[PDB]
C-alpha cells in the first residue's frame, strides 16, 4: 500500500529489498552494512537512507544505546532532506523521528518535527492531532488548545480532537464545557479515544456538576480495563497489589515508622507551627484544582524521593527523624509534607495517580469537630499524635468545617508488597 520508492529507487529495488530482508531476519548487524553500502553507492536514495535509519533504530533497541538512537534520529532527518522523497516515506520517516525524540525526552525537538510534518502535510488531520499531543507533553496547554480548536473547525467529528480538547478544558476548570467533548469523544470510538485519562476526567467532571451518570462511565472504564475497580481509578499501577481503602499500621508492616511518628509527633507539630508563624510562604496553595472552595496549602519536605534542602531548613528535626526511614524518603511515587486546611474547605472527590504508594496522615492540630476524610465508603477523623493510613488511589474526599485551622503531616510509603527491585525501577511520579 505505502509507496516508498521514487523513480531511481525502483531501479535498485532488488538491492534495497535484499538489504531490508536481512533486517527483518533480525540479522540487523550485517543489514546496517548492507544499507550503508547502498547509501555510499546511492547517496541520494531515500529508501536506502530510510533503511540505514531503521537499522540504526533496531541497533538502538538491541544495544539500548541513546547515542546510536540519536544517530538514527539524524538519519531519519536525512531522509527528508534528500531530493524526490515519496510522500509516504517522508511522513513515515519524520513521524518515527518525532516518536524517538519523545522517547529520549527531546520534546522540544519533537515539536519542531511535528510542526514540520504539519507544514508538509497541511491536510493530514492525524498529524495536527499528533502536534497537539506534542504540546501537551511539554505542558503547553495553550498552544495545544489552539491546535485542537483548529482541527475541530475543519473536522468537528474527529473524536481524538474532542477528547483532548475536553481534557484541556477540564484542566482549565471548564468543567461543564468539557463534559460533552469528553463524552462525544470517547463515544466516537476513534483510535486513541479509549484512554483511561478521558474516562477518569469525564466522570470527575460529572461528579463536580452533580451529574449522577458519572459512575456509569467509571464502570465502563473498569470494564474496558482502565481502572482496577470503580472505586480505585489510579492510572499508574502495578497490577496485583493488595487493594483496600484503609490500612492498619500492622497491615502495612511499617510499624517502626508509625511508632516514630506517634512518639515524636510534637516536634513535628512544633516545626510546622514555627513555619506557619515565621515562614508561611513555604506553605504553597494546592494547585491541582481539587478544591470546590476554601483554603488548603502544603509545605513539602520530600517529593519524588528527593529531599528539598531549603524546606528541611524550616523543619530540620523532622527531616532528621525521617532520614531513618527509606520506605518513605525513597518513595519516588509519594511525598512528605505538612498539610494545612482551614474552615470553609471542601476537597472534591478525587484519586491519586498510582496504587504503588500508601498514604500516612499524622494528626498535629485537629479541631474537636468539623474535620473528616472519606475514602471509598468509609469516613474517618484525625487524632492529634495518631496516624491514619489509606490508599489514596481509591476515591477520597475531605471537609473542613471547624472554627480554626487543621494541620496534619503526610508521609507516603511504597506499597509494602512492592519488591525492592520494583521500588528501584518504577519511574517517579
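Positions refer to the first chain, counted from 1.
Look at the mean CA B-factor for 247-255 and for 109-117 in the entry; the higher one is 109-117.
As the entry records it, the average C-alpha temperature factor is higher for 221-229, out of 273-281 and 221-229.
The PDB entry gives the largest Cα B-factor of the residues 380, 47, 361, 36 to 36. In the PDB entry, the Cα temperature factor peaks, among 396, 41, 372, 52, at 41. In the PDB entry, residue 162 places in the highest third of its chain by CA B-factor.
Annotation for residue 20: CA B-factor lies in the middle third of the chain's modelled residues.
Looking at the C-alpha B-factors along this chain, the one for residue 298 belongs to the lowest third. Ranked against the other modelled residues of its chain, the C-alpha B-factor of residue 376 as given in the entry falls in the middle third. Residue 368 sits in the middle third of its chain by CA B factor, as recorded in the PDB entry.
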